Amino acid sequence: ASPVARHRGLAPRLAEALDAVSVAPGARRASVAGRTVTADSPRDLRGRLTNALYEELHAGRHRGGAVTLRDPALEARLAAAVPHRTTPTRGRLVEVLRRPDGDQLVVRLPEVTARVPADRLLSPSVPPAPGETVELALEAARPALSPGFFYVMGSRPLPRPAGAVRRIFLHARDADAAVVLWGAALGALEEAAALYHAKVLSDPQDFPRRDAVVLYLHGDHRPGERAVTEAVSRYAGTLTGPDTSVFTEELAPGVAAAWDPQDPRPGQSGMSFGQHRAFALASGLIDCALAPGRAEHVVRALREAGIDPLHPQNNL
């Protein structure tokens, strides 16, 4: 009878949401909230099913019923709300370019070898021998880095091997709500001395969204998380829409949290939290349909993906 009786070993919120989901035997048809999805093989269904579970369960874009561009005005409001301006960034010095109009340092950053003005050197205080580590005042705002989004690295440098990342999602209902939420959240995070990166939708036409703001908290996530949740809890329900993803932990209306995936397997990497969880659910649902028993296929596939099936916002 109970949603949890029939779906044992799985978080109740995912048990409840799977009642809205069925896969036909053979796995060439599926239905998610009466969004019907068909395909010519199980394998083609896996990605069509993965996408629907993502849209329906993670994003909240529903389609089973009868029913891009950077904006400089918003980029300005979002960039104005950033308390800091600079993130010290370590790389290895490759070469010192002695140009009279301004010396430049070719530095191997983790993601790219870059040519940086010498005036951005922090440590050491004079350009070292090539091969030596340097530290650089690199801008914290990165408006092009993440398409659709305005991105900021926090003042404080991130752990060398970053390690686990706590993702916090804010369901901003509009751009004005985003700027307030963005400001609030960066405040708290910098006050709490958080090691983080964050981003916010930079196209006004793309709200509302449950990941309209995303915070990436590294190291010790509890100070930043507490700080963030106190700084926005006042706006939860009003500036944030109330619904959040079934895969996440709800901290307040429209404020959810999770962890970056930690999937054991090679080739099942570089996925977002939402797509990773949806793919594993589709894989377990598909596997079910290719043979209570459904809940075990699902628990199995989540576990093989490194997801805690009692707590799918987290990883084993």
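In case it trips you up, residue 1 is the first one in the sequence shown, and so on.
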| item | value |
| --- | --- |
| Missing residues, deposited sequence, between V67 and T68 (class: none, 1 to 3, 4 to 9, 10 or more) | 4 to 9 |
| Of 227-235 and 194-202, the one with larger mean CA B-factor | 227-235 |
| Mean temperature factor over C-alpha atoms, higher-scoring stretch between 58-66 and 271-279 | 58-66 |
| Top residue by Cα temperature factor, when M153, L78, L122, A184 are compared in the entry | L122 |
| Candidate set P143, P110, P127, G148 [ranked by C-alpha B-factor, highest] | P127 |
| Chain-relative CA temperature factor third for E296 | lowest |
| Among modelled residues of the same chain, the CA temperature factor third for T248 | lowest |
| Entry-reported Cα temperature factor of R98, expressed as the chain third it lands in | highest |
| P266 - Cα temperature factor, lowest/middle/highest third of chain | highest |
| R167 CA temperature factor, ranked by third within the chain | middle |
